[PDB]
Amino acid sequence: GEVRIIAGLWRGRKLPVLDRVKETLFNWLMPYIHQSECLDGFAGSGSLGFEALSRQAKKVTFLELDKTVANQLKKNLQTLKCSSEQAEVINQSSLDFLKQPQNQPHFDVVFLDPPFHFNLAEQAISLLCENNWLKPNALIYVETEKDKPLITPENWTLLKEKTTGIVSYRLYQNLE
């Protein structure tokens, strides 16, 4: 397996490993990305987070339960030079990590693409809102099963929503 960065400084690079909505997000971000802090909720390959890094996000934090995948991430972040002030890997499931009430918001951008069928993305959404994780106007990217679950937390606005195949892609904005 390998991840190829599409844009930014590292565009073209492929990283060893074990869509439209995406583009429009980065598009609306370009003006702010340089000072935006991100959360890649369920890292995995890290594709989303690395992409954000390539585009000079202020910071990306990767959450990953599987230690084997989490080490790979660290290896790639060492492969491509990133200070601990630019990228961070926390070996935890976001379902539990996000249960910790924050005194101050941490994220301008959030990527939530966990496995389907277990209302996991929904659980994460609830926690982000419940525990003061989101900074004002934060964008939340969510990928879910193609058919019928998602309701907009009320302090959020649904900006984009496309369904291709079996996946529903959504982009919300934290408007509080």
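We number the residues from 1 along the sequence you see.
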Check the entry and tell me how many residues of the deposited sequence have no coordinates between residue 18 and residue 19: none, 1 to 3, 4 to 9, or 10 or more. 4 to 9
Mind pulling up the entry and telling me whether 26 to 34 or 131 to 139 has the higher mean Cα temperature factor? 26 to 34
With respect to the recorded C-alpha B factors, which stretch has the higher mean value, 41 to 49 or 145 to 153? 145 to 153
Determine which member of 107, 62, 111, 116 has the highest CA B-factor, using the values in the deposited entry. 116
Among 91, 94, 103, 79 - the residue whose C-alpha B-factor is largest in the record: 79
